[PDB]
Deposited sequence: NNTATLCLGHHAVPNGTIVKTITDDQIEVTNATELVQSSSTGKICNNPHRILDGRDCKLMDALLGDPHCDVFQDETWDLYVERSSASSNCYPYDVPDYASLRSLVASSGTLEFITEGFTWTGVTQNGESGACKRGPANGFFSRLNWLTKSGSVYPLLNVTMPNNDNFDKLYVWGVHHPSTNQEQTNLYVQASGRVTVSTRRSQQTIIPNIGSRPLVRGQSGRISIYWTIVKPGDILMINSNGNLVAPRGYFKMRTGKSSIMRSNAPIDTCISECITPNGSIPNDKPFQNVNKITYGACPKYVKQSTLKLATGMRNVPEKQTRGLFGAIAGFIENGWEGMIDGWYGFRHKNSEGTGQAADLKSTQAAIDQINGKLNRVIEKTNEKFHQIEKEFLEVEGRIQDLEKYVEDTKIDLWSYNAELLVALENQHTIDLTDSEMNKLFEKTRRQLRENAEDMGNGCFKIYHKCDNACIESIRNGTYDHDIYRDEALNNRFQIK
């Protein structure tokens, strides 16, 4: 009953989490959170974005109107999902700049198509083929009009179509490439055709291509597809002496957040802002490792599969030398605070959380948590990131852009966690130290630091006296004479 002991301590937990810092790759903290999303449900949620499942229709085939894609007439989407099993079932074609036309239609988000009354005099219209069957019958792309001779004549076609609305019109037409010279003249009479499609500030000028090619659905002929945008006040002109595969009208163009993704993931009823080819994913985390291909408000793709952000002090079951230092050891039995006090006196032993120091640590970690978890990444139509054919220069640059980006983000994420972690350990160490010092300063000359986080208080200090220390109102003058006597034999 002549002295007391008061020791400062901090909590610890039986199972901690290993995190990475600036100086240690493996240091144990009381608690952490995962910043990389690395899993998916495997399914694409159908809200909030308007998902159109292309099923066995590539957007291009929907656009041209391959008979097996008629259900997609006038459809709209925020995201068109294109499946890899999808195939073409009409006249064989190619699209110079396929990727661009697929991109610009993807991006526009609609197949809304308006028929117009092109006046095609002196040709047979509605040319059809065995390669584009409707049931047992010859057929063709719904949105195009294959013209051939009437009788023995294919005249110079020369028609116009003014755009008098105040949206942009997308026209999609083509040129037919016959197999032989015989075929060119049987169909179009002239030996060399040409197709000139123009506006007031643009043109396209195409000569047909001749030769035997491999049969696709019975045919060696082909069509190359071309497109033209006609602005308000402008006009489409089409001029041709053979081989024209005429548009029937225009597609409406829109701007907005629409896009296209290659995925075989099923569509499901649920809500997710972020879509990948592997399925929708949560965007509570700032990073993800699921896929570099995303649509919507998503974590940023990084190469790491896990990045643990520390949310607690170091676990002992820093710059200041208190935690894992002169305080030998955490207290697992302190479960209502991060920091506090154990005492021993005449009336027995006890333990109290310190609230102010506990809150200061938690506040500061919440602050870096709020900065870090506060999501800022919403992207829609972007670039292609996987490729089905080898191409060279353009594809090289596309991959290299993305590869560059991913390494830069991966690095920022790696650094950020290592920094934030070092700093969390150290600021938690600091708060412990600051409490100890605050206590030392209250004791003035009535106590000595025992070297282990505890002070020997050189006077009778009951539970009320000890509380006075914990709440910061200890009055050292009251006890000085007594203490100095025990401490130094003064009087």
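- By the record, the deposited chain contains one unmodelled run at 318-322, with no C-alpha atoms placed there.
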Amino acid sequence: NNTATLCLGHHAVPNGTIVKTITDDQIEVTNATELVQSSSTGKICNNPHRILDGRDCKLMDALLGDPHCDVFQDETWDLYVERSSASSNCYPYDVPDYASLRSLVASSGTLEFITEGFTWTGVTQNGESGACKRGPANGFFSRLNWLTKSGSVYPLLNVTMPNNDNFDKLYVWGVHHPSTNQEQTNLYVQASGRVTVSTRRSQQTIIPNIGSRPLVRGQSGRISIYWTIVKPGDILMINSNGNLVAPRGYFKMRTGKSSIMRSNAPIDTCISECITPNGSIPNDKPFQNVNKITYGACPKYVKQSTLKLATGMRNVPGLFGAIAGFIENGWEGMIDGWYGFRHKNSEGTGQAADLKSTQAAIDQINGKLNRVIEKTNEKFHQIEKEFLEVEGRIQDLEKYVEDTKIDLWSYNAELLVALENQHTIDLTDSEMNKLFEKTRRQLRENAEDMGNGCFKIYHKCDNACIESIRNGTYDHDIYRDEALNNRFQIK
From here on, numbers count along this sequence of modelled residues.
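- Stretches 121-129 and 346-354 differ in mean CA B factor, with 346-354 having the higher one.
- Here 384-392 and 401-409 are compared by their mean Cα B-factor, and 384-392 comes out higher.
- Of the residues listed, 172, 316, 106, 95, the entry assigns the biggest Cα temperature factor to 316.
- The top Cα temperature factor in the record, among 444, 423, 460, 434, falls on 460.
- Among the modelled residues of the chain, residue 223 sits in the lowest third by CA temperature factor in this PDB entry.
- Ranked by C-alpha B-factor against the other modelled residues of its chain, residue 140 falls in the lowest third.
- Sort the chain's modelled residues by C-alpha temperature factor and residue 428 lands in the lowest third, per the entry.
- In this PDB entry, the Cα temperature factor of residue 78 sits in the bottom third of its chain's modelled residues, the lowest group.
- Per-chain ranking of the deposited C-alpha B factor places residue 68 in the highest third.
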